[PDB]
Amino acid sequence: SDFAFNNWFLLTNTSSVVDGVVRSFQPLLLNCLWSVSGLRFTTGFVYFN
Amino acid sequence: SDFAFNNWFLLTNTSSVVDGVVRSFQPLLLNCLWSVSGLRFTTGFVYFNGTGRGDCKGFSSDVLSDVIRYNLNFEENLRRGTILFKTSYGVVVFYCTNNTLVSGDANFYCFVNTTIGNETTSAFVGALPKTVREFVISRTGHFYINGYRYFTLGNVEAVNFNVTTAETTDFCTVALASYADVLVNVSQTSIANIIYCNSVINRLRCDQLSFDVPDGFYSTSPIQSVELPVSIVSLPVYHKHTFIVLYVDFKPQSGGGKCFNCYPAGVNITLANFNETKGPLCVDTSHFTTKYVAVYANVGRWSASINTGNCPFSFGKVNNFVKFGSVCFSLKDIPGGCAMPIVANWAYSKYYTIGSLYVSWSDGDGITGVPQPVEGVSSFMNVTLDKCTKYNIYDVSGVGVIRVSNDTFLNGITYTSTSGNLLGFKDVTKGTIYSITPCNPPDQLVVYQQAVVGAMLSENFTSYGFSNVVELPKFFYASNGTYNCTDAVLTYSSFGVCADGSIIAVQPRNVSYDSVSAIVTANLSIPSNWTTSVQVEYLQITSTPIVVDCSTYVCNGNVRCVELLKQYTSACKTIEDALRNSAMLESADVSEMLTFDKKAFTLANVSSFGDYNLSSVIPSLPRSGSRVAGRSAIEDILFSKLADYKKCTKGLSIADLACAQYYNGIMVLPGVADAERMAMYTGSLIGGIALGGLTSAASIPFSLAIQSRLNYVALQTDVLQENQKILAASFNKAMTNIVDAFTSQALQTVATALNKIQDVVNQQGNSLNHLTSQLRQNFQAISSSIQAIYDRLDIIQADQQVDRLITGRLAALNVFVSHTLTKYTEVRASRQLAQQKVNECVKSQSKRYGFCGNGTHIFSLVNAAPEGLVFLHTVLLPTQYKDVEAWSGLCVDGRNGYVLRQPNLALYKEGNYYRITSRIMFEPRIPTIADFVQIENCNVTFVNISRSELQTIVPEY
Amino acid sequence: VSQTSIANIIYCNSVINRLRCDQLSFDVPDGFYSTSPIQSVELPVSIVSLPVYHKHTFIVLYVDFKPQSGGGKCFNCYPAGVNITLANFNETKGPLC
Ligand SMILES: *[C@@H]1O[C@H](CO)[C@@H](O[C@@H]2O[C@H](CO)[C@@H](O[C@@H]3O[C@H](CO[C@H]4O[C@H](CO)[C@@H](O)[C@H](O)[C@@H]4O[C@H]4O[C@H](CO)[C@@H](O)[C@H](O)[C@@H]4O)[C@@H](O)[C@H](O[C@H]4O[C@H](CO)[C@@H](O)[C@H](O)[C@@H]4O[C@H]4O[C@H](CO)[C@@H](O)[C@H](O)[C@@H]4O)[C@@H]3O)[C@H](O)[C@H]2NC(C)=O)[C@H](O)[C@H]1NC(C)=O
Ligand SMILES: *[C@@H]1O[C@H](CO)[C@@H](O[C@@H]2O[C@H](CO)[C@@H](O[C@@H]3O[C@H](CO[C@H]4O[C@H](CO)[C@@H](O)[C@H](O)[C@@H]4O[C@H]4O[C@H](CO)[C@@H](O)[C@H](O)[C@@H]4O)[C@@H](O)[C@H](O[C@H]4O[C@H](CO)[C@@H](O)[C@H](O)[C@@H]4O[C@H]4O[C@H](CO)[C@@H](O)[C@H](O)[C@@H]4O)[C@@H]3O)[C@H](O)[C@H]2NC(C)=O)[C@H](O)[C@H]1NC(C)=O
Ligand SMILES: *[C@@H]1O[C@H](CO)[C@@H](O[C@@H]2O[C@H](CO)[C@@H](O[C@@H]3O[C@H](CO)[C@@H](O)[C@H](O)[C@@H]3O)[C@H](O)[C@H]2NC(C)=O)[C@H](O)[C@H]1NC(C)=O
Ligand SMILES: *[C@@H]1O[C@H](CO)[C@@H](O[C@@H]2O[C@H](CO)[C@@H](O[C@@H]3O[C@H](CO)[C@@H](O)[C@H](O)[C@@H]3O)[C@H](O)[C@H]2NC(C)=O)[C@H](O)[C@H]1NC(C)=O
Ligand SMILES: *[C@@H]1O[C@H](CO)[C@@H](O[C@@H]2O[C@H](CO)[C@@H](O[C@@H]3O[C@H](CO)[C@@H](O)[C@H](O)[C@@H]3O)[C@H](O)[C@H]2NC(C)=O)[C@H](O)[C@H]1NC(C)=O
Ligand SMILES: *[C@@H]1O[C@H](CO)[C@@H](O[C@@H]2O[C@H](CO)[C@@H](O)[C@H](O)[C@H]2NC(C)=O)[C@H](O)[C@H]1NC(C)=O
Ligand SMILES: *[C@@H]1O[C@H](CO)[C@@H](O)[C@H](O)[C@H]1NC(C)=O
Ligand SMILES: *[C@@H]1O[C@H](CO)[C@@H](O)[C@H](O)[C@H]1NC(C)=O
Ligand SMILES: *[C@@H]1O[C@H](CO)[C@@H](O)[C@H](O)[C@H]1NC(C)=O
Ligand SMILES: *[C@@H]1O[C@H](CO)[C@@H](O)[C@H](O)[C@H]1NC(C)=O
Ligand SMILES: *[C@@H]1O[C@H](CO)[C@@H](O)[C@H](O)[C@H]1NC(C)=O
Ligand SMILES: *[C@@H]1O[C@H](CO)[C@@H](O)[C@H](O)[C@H]1NC(C)=O
Ligand SMILES: *[C@@H]1O[C@H](CO)[C@@H](O)[C@H](O)[C@H]1NC(C)=O
Ligand SMILES: *[C@@H]1O[C@H](CO)[C@@H](O)[C@H](O)[C@H]1NC(C)=O
Ligand SMILES: *[C@@H]1O[C@H](CO)[C@@H](O)[C@H](O)[C@H]1NC(C)=O
Ligand SMILES: *[C@@H]1O[C@H](CO)[C@@H](O)[C@H](O)[C@H]1NC(C)=O
Ligand SMILES: *[C@@H]1O[C@H](CO)[C@@H](O)[C@H](O)[C@H]1NC(C)=O
Ligand SMILES: *[C@@H]1O[C@H](CO)[C@@H](O)[C@H](O)[C@H]1NC(C)=O
Ligand SMILES: *[C@@H]1O[C@H](CO)[C@@H](O)[C@H](O)[C@H]1NC(C)=O
Ligand SMILES: *[C@@H]1O[C@H](CO)[C@@H](O)[C@H](O)[C@H]1NC(C)=O
Ligand SMILES: *[C@@H]1O[C@H](CO)[C@@H](O)[C@H](O)[C@H]1NC(C)=O
Ligand SMILES: *[C@@H]1O[C@H](CO)[C@@H](O)[C@H](O)[C@H]1NC(C)=O
Ligand SMILES: *[C@@H]1O[C@H](CO)[C@@H](O)[C@H](O)[C@H]1NC(C)=O
Ligand SMILES: *[C@@H]1O[C@H](CO)[C@@H](O)[C@H](O)[C@H]1NC(C)=O
Ligand SMILES: *[C@@H]1O[C@H](CO)[C@@H](O)[C@H](O)[C@H]1NC(C)=O
Ligand SMILES: *[C@@H]1O[C@H](CO)[C@@H](O)[C@H](O)[C@H]1NC(C)=O
């Protein structure tokens, strides 16, 4: 809790709602905390693993 | 205006209405005034041109005439005539022979023969009219005699009228005309007058389906009706095209010599995309422009073209911003797919189709038809800014105007309202966003004395010819008159409008009232002689019960329908059971409320009253009939200002509207409040005023009675009673004033009651006026007529499409019953209140403030009215006040202080002597010792008097 | 969401959170609510029919697409796609019911 997540966005095929309360399905599993710290051009191939 | 137009008729394909008000499209353009004056047999050929040998009068544009109307003014005699119609395909003539022989004379036989090219054909007139008063024809070829249309010819290039009349006063008119939108008033199916829908005020009037709309507020939307610039916006992706083109090359050998619909040299029609394997060709690149392609060399009068099929999307419009998941267009048949037919016409007379374009499709967002043929690596995003336009933005279409805004809103790309209409969008390029305001928001306008005045708007502009647009909070307002604030002729809670349209802020009702008169041993004022007034109220008392027959209403007499319904008797029983039980309940109540007194009914004779002359209220005597009573004057005036089935199975008249309802199955029961016992009740109540408890049964003068009622408020103490004689002159005058008002706030009160009565009557009628209309529409069935449904189908698939009718009808019926119960359960409250106040005010003066009138109450009259009562609360209002100087108590020389036995009295020093008066009237009463009471502790604030001068005030000793 | 931008979220895991999310709000006022907790797994299947000694009919179809790979020229070209049929066809070929 208290995470700003300013960059983090919703996902919608249709027109986005504004300033509302909505329950929905989102891809929000923490999974790997970062997994990209110090990202460089040779990021390698990750395949849903 | 004022044109009789007795011959002139309506035009209707379907059954004609009778004696109604209807707005419709009619060919009523004056065009050439006459154009046929002095008509002779050589009338010539006129072809929808100004080439008419007549006085046009110069009001005729002479551009074109959609239709030709012939008006005949001849005696009712038969005169030889012929009709010639000229068309490019053929010439058709109409002839009739009076004599029996087919040739007859140049038993009546009429033959119309039509010849095309060198071929001559013979046609059969069949039915021949006894008399024809009007003739109608049109360019489309519709043929109308006396309004109805017998048949429609394919086309008419020109019309020639072969009518020969020896009479010099041959006929009245043969003219040309054009369509227009008008309104009409019809009596006995015959026109009376019309109203052109051109001006704004006339537009509103026609919209009202009436004339003379009452002064008030209405809403209107003025809309532009012209082409507007078109704007498009899509996501930029470098266009990769796909062209689907088809090469129909009908090229027959003319087809007019043997057959056009025989498909000669009709053969190959194909598009290059067919595969030797002939797998269905579905495009892959999203952007494709479908086009019809070139057409075969075209010869005169005939053509071929594509027709709309059964698919959702019409071919040719597909390119107009459509979506698809997989086109898969194929030339041969495709399993489970829609197909379209191409047909050819020979002068719009032969129709021959060809199996063409099997298409099946999946829905999707990848493929999209684009109108613009050019597709490539280019930059385009046309966007007109500040005008009304069409638009397509990211596959959403509409019309409106675009406004630049300043809002970051980088979360997404499209914003839509709760309704589903988009509000604004953001450009992909930069980040600016634009709103989409609608072109024509509704405007609120006002009308008064059958002309428009003033207007509530949204834009700071003078849309109409109004000369001023006063900005006001929450809205703008136009007006054409100066502001002088003289008065208001219309009003709403916030504000009222002037006669010329000037707006004014309302000042609430200046009034004044009274309150407790605290004893303070100081100057105070008591009310003097009053003046009379009358207030009117109205109470709803009853509702006209209605009953319904389930099986008639839905079955409508079909035995098979009745049998399919037979399994639903569990359902519809509840409806009629509820309606019937509620009706008998309420009728029992209203019959329990109405009492009667023969002792007092006789007293209603006007001779018993006196100067009051309440002639209107008293019931009328029987008109040489054995009827107990007759309605009073205010009664028939009210009814004036506002059938037997015995004649609905028998008789020679056409059925009336009410009669029709019985046939359908609704049935309005006779009203509970019948006039006989209603009038007896009202008369008995009125006679209960002049009757007082006496050993004998005789009456006493009405004057004494009022005095007694006054005593209730306080002990009237005067011997020469000026009030009895003064108030009557105001009373009878007020009554004459108010009956004139029927035929000063009291006036607005009467206006409110009248408005309420017409309100309840409209509210009652339009309920079943809404009910009986819903069976005319078929929810999902082929047609409403059950009998027709049985005719059109066999036993297995007829009942299946039948039952969905009754499945809807029962729902509508359950809605109706559930709203009738909600009318009864609420009117019961008004009944409670009415019975609660009639027995209170009508019988015994109330001491409750504000229940019987503005001020102190003396007596109240009652009369009947449609489904309700009306009261006449006579009251008293203070003309002037008399001031006086008082003392809050008394102190004897001894410690004891005296006070009064009840508060409503008050001492004062009238002169040398002291007089104690009532608090509510200026009547004075003598002092005495019995009117006081003792309390030890003396307050100095009271009169200070010793035992000596006590003997001077009260004779103690 | 404020100005189309996220502010905070609530995982719908606990029973109380489940009810709260169902309320389309936060902090539902103290009171009474109704809920249905439902099993979400496969359950044994039971059948019952009128006993009649079963006489069978087998309808079987033999689609044998077998194309020559299809990745070198075309897969949707129906190569060696041909015969797909079920033994029940009649020389008269009356519909088989
Ligand atoms: C924009 O529009 C696009 C349109 O495509 C939207 O994308 C679609 O979004 C829907 C909804 O999220 C999505 O359906 C879901 O798919 C995922 C993945 O499916 C595979 O995972 C399941 C396991 O969950 C595996 O069994 C299998 O690999 C699934 O694939 C199969 O899908 C069906 C159903 O499972 C199978 O029968 C097929 O054979 C196929 O192989 C699923 O996670 C999700 O599954 C949920 O519902 C199903 C059906 O009731 C259920 O069986 C699952 O168990 C699960 O239900 C609940 O179970 C989890 C257990 O952890 C529990 O935590 C939750 O309660 C779950 O709800 C469902 O099938 C669809 O695939 C997307 N489209 C495509 C083509 O990918 C996009 O979301 C839109 N974006 C917005 C919102 O704007
Ligand atoms: C009995 O039943 C018969 C059944 O056939 C009824 O006959 C039909 O009546 C309807 C309604 O009147 C009639 O539709 C009207 O046709 C006339 C003539 O059409 C031609 O004129 C227009 C110009 O107005 C030209 O553009 C062109 O020549 C028209 O022909 C074309 O029709 C459509 C639409 O225009 C075209 O797309 C086709 O390509 C075809 O060539 C029209 O005057 C009338 O047009 C009005 O509506 C259209 C469509 O919205 C609009 O585009 C027009 O501008 C016009 O709308 C308004 O514009 C005028 C401008 O002066 C304005 O003053 C009014 O507000 C207009 O309303 C419409 O198309 C139909 O053709 C008749 N049937 C046939 C086959 O002829 C008969 O009326 C019934 N009788 C009753 C009442 O019982
Ligand atoms: C709608 O059309 C009807 C039919 O013309 C109009 O009603 C007719 O109105 C006239 C007056 O406009 C009535 O005449 C008056 O009748 C009385 C009683 O007979 C007579 O004493 C008067 O001297 C005068 O003739 C006529 O009775 C009436 N007829 C019918 C059948 O209604 C109606 O006014 C029209 N309304 C509009 C808004 O155009
Ligand atoms: C009961 O209601 C009626 C009508 O609302 C009241 O009648 C009116 O009483 C007011 C006093 O509140 C009178 O006002 C004054 O009139 C004089 C003379 O014109 C004027 O000089 C004053 O400045 C003030 O306007 C008004 O004339 C009178 N109108 C009528 C038609 O009678 C009545 O007073 C109400 N009674 C109570 C107890 O509220
Ligand atoms: C739903 O999301 C909105 C957006 O964040 C929440 O509203 C925001 O709530 C904060 C406090 O949680 C408000 O801040 C307070 O505002 C006042 C007045 O400016 C200020 O004096 C306080 O110090 C504090 O900053 C903020 O105004 C408000 N903004 C908006 C646009 O609503 C809302 O509370 C969230 N609700 C839930 C249940 O998560
Ligand atoms: C509203 O005001 C306008 C002008 O302020 C009035 O207009 C005149 O109307 C006649 C009749 O159409 C025209 O011949 C004049 O040219 C108009 N004058 C102007 C300056 O436009 C109009 O009559 C007024 N209408 C009402 C109902 O008040
Ligand atoms: C990423 O692309 C760059 C050129 O844009 C290239 O030099 C580099 O090798 C690429 N990275 C990998 C891991 O191949
Ligand atoms: C991911 O892990 C699974 C399980 O070991 C494995 O099958 C798969 O090959 C891994 N991913 C890749 C890209 O190899
Ligand atoms: C009209 O018909 C009559 C015969 O009925 C014919 O004598 C006359 O010539 C016709 N009129 C014209 C203009 O041809
Ligand atoms: C009617 O006038 C138009 C315009 O001049 C013309 O094209 C047409 O030919 C005229 N009518 C006839 C029957 O010639
Ligand atoms: C009917 O048609 C026949 C054959 O074309 C023709 O001889 C006859 O005059 C027609 N009848 C008329 C024009 O009344
Ligand atoms: C109707 O016909 C008569 C016949 O003499 C004529 O006098 C009168 O003017 C005509 N009325 C019209 C055409 O309105
Ligand atoms: C189609 O038919 C026409 C005439 O039968 C012929 O000219 C044309 O070559 C045919 N084929 C195509 C592809 O148009
Ligand atoms: C779109 O904009 C271009 C540039 O002015 C113009 O040539 C073209 O006609 C416009 N298209 C439409 C449909 O107005
Ligand atoms: C920007 O937008 C805000 C609110 O949408 C508005 O108050 C302001 O006037 C706009 N213009 C500027 C220059 O801030
Ligand atoms: C409204 O119109 C009047 C007309 O002169 C003008 O003076 C005023 O500035 C306008 N106000 C607005 C907000 O447009
Ligand atoms: C009407 O206006 C005139 C001129 O402005 C003024 O003299 C007069 O007092 C006004 N009268 C009313 C009743 O508003
Ligand atoms: C009604 O009330 C207003 C409110 O200020 C007052 O100015 C005015 O004297 C009153 N007018 C009448 C006719 O009572
Ligand atoms: C009011 O009371 C005072 C006593 O202080 C008295 O002098 C005066 O005359 C009284 N006013 C009237 C009008 O009698
Ligand atoms: C009240 O009484 C006085 C004196 O008797 C009289 O002059 C006045 O006209 C009366 N007013 C009314 C309304 O009766
Ligand atoms: C009213 O009473 C008088 C005598 O008291 C009598 O002549 C008259 O008939 C009565 N009126 C009625 C309607 O009975
Ligand atoms: C008084 O009574 C007579 C009797 O009919 C009636 O004509 C007259 O109109 C009445 N006057 C008033 C003011 O009620
Ligand atoms: C004719 O019809 C009218 C009304 O429809 C009716 O009153 C009358 O009795 C009928 N019979 C005769 C002979 O008038
Ligand atoms: C009693 O007299 C006193 C004298 O100061 C006064 O203030 C008070 O109001 C009086 N109380 C009464 C009359 O009840
Ligand atoms: C009346 O009141 C005066 C004023 O206080 C007081 O001096 C006097 O004693 C009183 N007289 C009585 C109570 O008799
Ligand atoms: C169907 O087709 C396949 C391959 O074309 C073949 O092996 C088989 O014999 C054919 N007939 C039947 C009945 O399967």
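The preceding data block contains the structure.
**Digging into the overall build of chain A**
Of regular secondary structure, chain A possesses zero helices and zero strands. Dimensions along the principal axes, computed over C-alpha positions, put chain A at roughly 40 × 25 × 20 Å.

**Quick look at the overall build of chain C**
Assigned secondary structure in chain C consists of one helix and two strands. Ordered by position from the N terminus, the helices and strands of chain C form the series α-β-β. Relative to the globule expectation of 13 Å for 97 residues, the C-alpha radius of gyration of chain C, 29 Å, shows a markedly less compact shape. Considered along the principal axes of its C-alpha atoms, chain C spans approximately 75 × 55 × 25 Å. For chain C, the proportion of contacts with a sequence separation of at least 24, taken over those separated by at least 6, is 9%.

**A look at the sheet that holds strand β23 (residues 322–326) of chain B**
If you walk across this open sheet you meet the four strands as β18-β21-β26-β23 (chain B), and the pairing is mixed. Only two strands of the sheet have a single partner each, and these edge strands are β18 (243–244) and β23 of chain B.

**Some details on the packing of aromatic side chains**
Residue and element names in this part refer to chain B. Taking 6.5 Å as the distance between ring centres and 40° as the angle between the ring planes, the aromatic pair formed by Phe 45 and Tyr 47 counts as tilted. Aromatic side chains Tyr 70 and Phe 135 sit 5.6 Å apart centroid to centroid with 85° between the ring planes, which places their arrangement in the edge-to-face category. The structure contains a cluster of three or more aromatic residues connected by ring pairs, namely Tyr 70, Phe 135, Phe 143, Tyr 148, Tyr 150, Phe 151 and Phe 161. The residue whose ring lies beneath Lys 837 is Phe 851, and the NZ or CZ to ring-centre distance is 5.4 Å. Against the face of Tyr 712 rests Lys 847, its NZ or CZ located 2.9 Å from the ring centre.

**Focus on unusual backbone geometry**
All names here are of chain B. If you check the backbone angles, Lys 57 has positive phi at about 85° while not being a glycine. With respect to the helices and strands, the residue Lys 57 is situated in the loop between β2 (45–46) and β3 (67–71). Located in the positive-phi region is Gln 188, a residue other than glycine, with phi close to 55°. Its place among the elements puts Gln 188 in the loop between β14 (179–187) and β15 (190–196).

**Looking at the interface of chain A and chain C**
Taken together, the contact between chain A and chain C spans 11 residues of the former and 11 residues of the latter. Partitioned by chemical class, the residues of the side of chain A that touches chain C number seven nonpolar, two polar and two charged.

**What to know about the pattern of salt bridges**
Pairs can form between side chains of opposite charge whenever their charged atoms are close. All names here are of chain B. The residue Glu 134 makes a salt bridge to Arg 69 at a minimum N-O spacing of 2.3 Å. Close ionic contact of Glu 576 with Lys 573 constitutes a salt bridge, the shortest N to O distance being 3.9 Å. Taken together, the residues span about one helical turn, with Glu 576 and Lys 573 both in helix α4 (residues 569–593) at a distance of three residues.

**Concerning the sheet that holds strand β46 (residues 890–891) of chain B**
All names here are of chain B. The mixed open sheet is built from four strands, whose spatial order is β51-β47-β46-β52. Either end of the sheet is taken by a strand with one partner, and the two such strands are β51 (932–935) and β52 (943–944). As paired elements, β46 and β52 share two bridges and run parallel to each other. Its bridge partner being in β52, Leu 890 is matched across the sheet by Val 943.

**Observations concerning the state of the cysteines**
Shown here is the disulfide that connects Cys841(B) with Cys852(B), its sulfur atoms set 2.0 Å apart. Residue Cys841(B) is located in helix α13 (residues 795–841), and its partner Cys852(B) is located in the loop between α13 and β43 (857–865); the two are separated by 11 residues in the primary sequence. Here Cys74(C) pairs with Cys77(C) through a disulfide, and the sulfurs are 2.0 Å apart. Taking the torsion about the S-S bond as the criterion, the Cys74(C) to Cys77(C) disulfide, at about 80°, is right-handed. Considering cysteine sulfurs only, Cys555(B) is the nearest to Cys561(B), which forms no disulfide, with 3.5 Å between them.

**Observations concerning the packing of α4(B) against α13(B)**
Residues and elements named next belong to chain B. For the pair α4 and α13, the least separation of the axes is 10 Å and the interaxial angle reads 15°. When the interaxial angle is binned, α4 and α13 end up roughly parallel. Here α4 and α13 pass one another in a crossing that is left-handed. Facing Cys 572, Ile 575, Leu 579, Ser 582, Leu 585, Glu 586, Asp 589 and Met 593 of α4, the residues of α13 in contact are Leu 810, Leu 813, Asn 814, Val 817, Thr 820, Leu 821, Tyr 824, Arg 828, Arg 831 and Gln 835.

**Focus: the environment of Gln540(B)**
All names here are of chain B. Within the element layout of this structure, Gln 540 appears in strand β40 (residues 530–540). Sequence separation between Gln 540 and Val 182 is 358 residues; the distance between their C-alpha atoms is 40 Å. A polar contact of 3.2 Å, which involves the side chain of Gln 540, links it to the backbone oxygen of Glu 867.

**What about the side chain of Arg709(B)?**
Residue and element names in this part refer to chain B. When you line up the elements, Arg 709 lands in helix α9 (residues 702–713). Within the local environment of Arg 709, its side chain forms a polar contact with the backbone oxygen of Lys 843, the two atoms lying 3.4 Å apart. Ignoring anything within four residues of it in the chain, the contact list for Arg 709 reads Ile 689, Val 842, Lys 843, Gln 845, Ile 858 and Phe 859.

**What to know about the pairing of strand β25 (residues 351–359) of chain B**
Residues and elements named next belong to chain B. One ladder, built from seven bridges, connects strand β24 (residues 338–346) with β25; its direction is antiparallel. Its bridge partner lying in β25, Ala 344 is registered against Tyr 352. The turn linking β24 back onto β25 is made up of four residues, and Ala 347 within it adopts a positive phi angle of 55°.

**Structural notes on the side chain of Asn319(B)**
Residues and elements named next belong to chain B. Tracing the chain through its elements places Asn 319 in the loop between β22 (302–306) and β23. From its side chain, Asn 319 meets the backbone oxygen of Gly 316 in a polar contact 2.9 Å long. Beyond its immediate sequence surroundings of up to four residues, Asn 319 is in contact with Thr 290, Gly 369, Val 370 and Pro 371.

Rules and cut-offs
- Residues numbered from 1 in each chain as written, not as in the entry; some residues may be left out.
- Chains lettered and ligands numbered in written order.
- Part of a larger assembly, values for the part shown.
- Heavy atoms only, no water.
- Residues with missing side-chain atoms left out of burial classes, pairs and counts.
- Helix = DSSP H or I, 4+ residues; strand = E, 2+ residues; numbered from the N terminus.
- Rg over C-alpha atoms; globule rule 2.2 N^0.38 Å.
- Contact = heavy atoms within 4.5 Å.
- Pairing = 2+ DSSP bridges.
- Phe/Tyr/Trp six-rings, centres within 6.5 Å; stacked < 30°, edge-to-face > 60°.
- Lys NZ or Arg CZ within 6 Å of the ring centre and 35° of its normal.
- Nonpolar A, V, L, I, M, F, W, Y, C, P; charged D, E, K, R; others polar.
- Salt bridge = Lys/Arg side-chain N within 4 Å of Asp/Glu carboxyl O.
- Disulfide = S-S within 2.5 Å.
- Axes fitted to C-alpha atoms, helices over the stretch in contact; angles between N-to-C directions.
- Parallel < 35°, antiparallel > 145°, perpendicular 65-115°, else oblique.
- Left-handed = near helix turned anticlockwise from the far one by under 90°.
- Polar contact = N/O pair within 3.5 Å; in protein donor to acceptor, adjacent residues only side chain to side chain.

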